[PDB]
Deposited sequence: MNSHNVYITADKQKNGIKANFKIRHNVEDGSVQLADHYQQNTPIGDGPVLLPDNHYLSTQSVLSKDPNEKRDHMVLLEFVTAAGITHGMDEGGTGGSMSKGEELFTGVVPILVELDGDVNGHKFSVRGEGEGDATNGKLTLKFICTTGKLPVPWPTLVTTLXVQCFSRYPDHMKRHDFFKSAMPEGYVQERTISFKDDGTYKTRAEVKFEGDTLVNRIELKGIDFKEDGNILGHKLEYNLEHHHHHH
């Protein structure tokens, strides 16, 4: 539904760390916890903004396109930064920016690819994207991939602009790495590069999933979609 992404500076890496729990609803009415550990490091050599502690309030709305027979996810996201008392990359995000997402995954040896396209509006902190599993049936539930599938589109308030690492790393971009531990189940290890290619903000991801249970909530597709 809505979750808070907590961010802190990682000076030794000239980047940031983040941590947060996603609570996925299970079809039986329980919750599947997903503990996220995140690291971001700049790709280029330019100076970046290292933030004070803060968080991203993130709301995700998942839907289906009834005209689409392929395995897919329609996604609307709203992100606004908060939690702080009262760059050139900033200028790249003043308007509506096209987005391209490419993911190649391997979960317990099940290979799959996802392609997403849409647009981001950082002024309002809004993203709209459609994702397609281009290899067939997605071997994991769409909700478990949302966090992996561009926090440069967060709306940072005026009083927090000096804490926006994500835009400050652009256009050269940043590396985003996560360990996602699903409670009583497997782990995603992800590495993404987020950067401008021409006028498009591109998120290129590799995902490895280990230790998942064949009868668990993830490989068993027991998670509610929305």
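Missing C-alpha coordinates: which residue stretches of the deposited sequence does that apply to?
The deposited sequence has unmodelled segments at 1, 88 to 98, 162, 240 to 247.
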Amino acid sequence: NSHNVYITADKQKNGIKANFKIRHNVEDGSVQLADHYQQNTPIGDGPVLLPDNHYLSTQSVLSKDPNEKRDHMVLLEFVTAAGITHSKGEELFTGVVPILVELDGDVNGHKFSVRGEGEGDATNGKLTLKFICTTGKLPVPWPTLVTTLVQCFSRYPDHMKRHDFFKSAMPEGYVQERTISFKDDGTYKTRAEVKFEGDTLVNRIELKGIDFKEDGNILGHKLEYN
From here on, numbers count along this sequence of modelled residues.
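Averaging the C-alpha B factors as listed in the entry, name the stretch that ends up higher: 30 to 38 or 44 to 52.
Higher mean C-alpha B-factor: 44 to 52.
Quick one: higher average CA temperature factor, 11 to 19 or 204 to 212?
Higher of the two, by average CA B-factor, is 11 to 19.
From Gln151, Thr144, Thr128, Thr94, which pick has the Cα B-factor that tops the rest in the entry?
By C-alpha B-factor in the record, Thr94 ranks first.
Going by the CA temperature factor in the entry, name the top one among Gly105, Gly83, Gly89, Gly120.
Comparing C-alpha B-factors across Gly105, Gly83, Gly89, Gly120, the maximum falls on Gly89.
Tell me, lowest, middle or highest third: where does the Cα B factor of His163 rank within its chain?
For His163, the deposited C-alpha B-factor lands in the middle third.
Should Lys183 be placed in the lowest, middle or highest third of its chain by the C-alpha B factor in the entry?
Answer is middle: the recorded C-alpha B-factor places it there.
Modelled-residue ranking by C-alpha temperature factor, third containing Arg70:
Its C-alpha B-factor, which the entry lists for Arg70, ranks in the highest third among residues of this chain.
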